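We did not get these values from a lab; they are worked out from the coordinates using the rules stated. Here the Cβ positions follow ideal geometry from the backbone for every residue, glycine too, while neighbour counts run over all protein chains shown.
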Amino acid sequence: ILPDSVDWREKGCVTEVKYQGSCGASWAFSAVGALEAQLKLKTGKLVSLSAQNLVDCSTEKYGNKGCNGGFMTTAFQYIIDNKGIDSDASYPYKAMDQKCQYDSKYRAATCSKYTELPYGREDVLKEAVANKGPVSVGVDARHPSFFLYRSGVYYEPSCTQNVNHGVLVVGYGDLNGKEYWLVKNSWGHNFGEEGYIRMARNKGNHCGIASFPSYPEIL
Ligand SMILES: COc1ccccc1C1CCN(C[C@H](O)Cn2nc(-c3ccc(C(F)(F)F)c(SCCN4CCCCC4)c3)c3c2CCNC3)CC1
């Protein structure tokens, strides 16, 4: 029923890796990442969506704090409420808290709903990644082994299920018997494998990868 491997990058549904710099907007990058894939799936056009738009506009009414962190779910709720999000090109990433400058004239995507997946359920995440597209997730990235990761399947014995960094699952597979989640980060191309990390899959919700997954959909 489900494929052994998926890689949404090969379906033209994933934009280039971005670089959040010293602004804690991983939540914003994870959210736009997931919506970018739905925009391509539904319109055939792959366009980077404005993470800055989320940082400036999906703020304290959404429980978010811009460069001091936030949630992908309430980012999606902002896009829903706002009836749009601007393209990255029109509303570029400055890695700073700014005044909201959303302009409907440069709306590149919309969002009608989002779905949150049950805590810890990697089978359900697998299904969603296969059948719906890239899923926005949280991970515990506060380990040197994570930010120093280069290649292979990341496993960290002291990883917890308490998430603190937003990323985007763009697929899954296995590498010589070790199953993994294919994860797009927002630490630029010099993080990991050209900006991606393969994280242990079906090993007890490792690094809380399936603790808080969510994905948007477009009407
Ligand atoms: C104040 O709330 C308001 C107010 C108004 C409207 C809506 C809300 C929302 C109500 C509640 N929801 C989500 C729920 O709490 C579920 N959930 N989600 C997460 C969750 C997911 C992804 C990420 C990630 F790493 F990917 F970014 C994260 S990193 C922490 C994000 N922090 C840090 C700084 C302060 C603000 C942002 C956490 C957690 C939980 C529960 C347990 N702890 C972790 C968020 C806010």
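Among the residues making up segment 58-81, none is among the acidic types (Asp, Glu) and touching a residue at least 60 places away in the same chain (Cβ under 8 Å). Condition check for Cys23 on (1) within 14 Å of the ligand (Cβ to nearest atom); (2) without any contact (Cβ under 8 Å) to a residue 40 or more places away in the chain; (3) among the hydrophobic types (A, V, I, L, M, F, W, C): one failure, at (2). Of the residues making up segment 73-91, those that are in contact with a strand residue (DSSP E or B) (Cβ under 6 Å, 6 or more places away or on another chain), of a type in the set (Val, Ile, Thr) and more than 10 Å from the ligand (Cβ to nearest atom) are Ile79, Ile85.
Condition (residue is of a type in the set (A, V, I, L, M, F, W, C), in a loop (DSSP other than H, G, I, E, B) and surrounded by fewer than 20 Cβ atoms within 10 Å (Cβ to Cβ)) applied to segment 184-197: is it met by at least one residue? Write out each step before concluding.
Here is the first cut: in segment 184-197, the ones of a type in the set (A, V, I, L, M, F, W, C) are 187, 191, 197.
Then keep just the ones that are in a loop (DSSP other than H, G, I, E, B); that gives 191.
Going one step further and asking which of them are surrounded by fewer than 20 Cβ atoms within 10 Å (Cβ to Cβ), we end up with 191.
Scanning segment 184-197, I find at least one residue that is of a type in the set (A, V, I, L, M, F, W, C), in a loop (DSSP other than H, G, I, E, B) and surrounded by fewer than 20 Cβ atoms within 10 Å (Cβ to Cβ), so the answer is yes.
Considering the conditions (1) surrounded by 15 or more Cβ atoms within 10 Å (Cβ to Cβ); (2) over 15 Å from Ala31 (Cβ atoms); (3) within 14 Å of the ligand (Cβ to nearest atom); (4) of a type outside the set (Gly, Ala, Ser), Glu156 is excluded by exactly one of them, (3). Scanning segment 104-119 for residues that are among the small types (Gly, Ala, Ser) and within 17 Å of the chain's Cα centre (by Cα) yields one hit, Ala109.
Hey, does segment 168-179 have a residue that's in contact with a helix residue (DSSP H, G or I) (Cβ under 9 Å, 6 or more places away or on another chain), assigned to a loop (DSSP other than H, G, I, E, B) and surrounded by 23 or more Cβ atoms within 10 Å (Cβ to Cβ)? For segment 168-179, residues in contact with a helix residue (DSSP H, G or I) (Cβ under 9 Å, 6 or more places away or on another chain), assigned to a loop (DSSP other than H, G, I, E, B) and surrounded by 23 or more Cβ atoms within 10 Å (Cβ to Cβ): absent.
Residues that are within 13 Å of the ligand (Cβ to nearest atom) and part of a strand (DSSP E or B) within segment 198-214 comprise just one, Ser214. Among the residues making up segment 126-139, those that are part of a helix (DSSP H, G or I) and either among the charged types (D, E, K, R) or in contact with a helix residue (DSSP H, G or I) (Cβ under 9 Å, 6 or more places away or on another chain) (or both) are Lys126, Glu127, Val129.
Among helices (runs of 4 or more DSSP H) lying entirely in segment 24-125, which contain 1 or more residues that are at negative phi and hydroxyl-bearing (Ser, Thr, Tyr)? Talk me through it step by step, then tell me what you get.
Details: elements: 26-43, 51-57, 72-82.
Once the helices (runs of 4 or more DSSP H) in segment 24-125 are filtered for at least 1 residues that are at negative phi and hydroxyl-bearing (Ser, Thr, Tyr), what remains is 26-43, 72-82.
Residues of segment 173-195 that are under 15 Å from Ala34 (Cβ atoms) and touching a residue at least 60 places away in the same chain (Cβ under 8 Å): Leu182, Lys184, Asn185, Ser186.
Checked against (1) within 16 Å of the ligand (Cβ to nearest atom); (2) assigned to a helix (DSSP H, G or I), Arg142 passes all but a single condition, namely (2).
If only one of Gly70, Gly63, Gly44 is buried (at least 17 other Cβ atoms within 10 Å of the Cβ) and either out of contact with any strand residue (DSSP E or B) (no Cβ under 7 Å at 6 or more places or on another chain) or more than 14 Å from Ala31 (Cβ to Cβ) (or both), which one is it? Write out each step before concluding.
Details: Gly63 fails: buried (at least 17 other Cβ atoms within 10 Å of the Cβ); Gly44 fails: buried (at least 17 other Cβ atoms within 10 Å of the Cβ).
Checking each option against the conditions leaves just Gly70.
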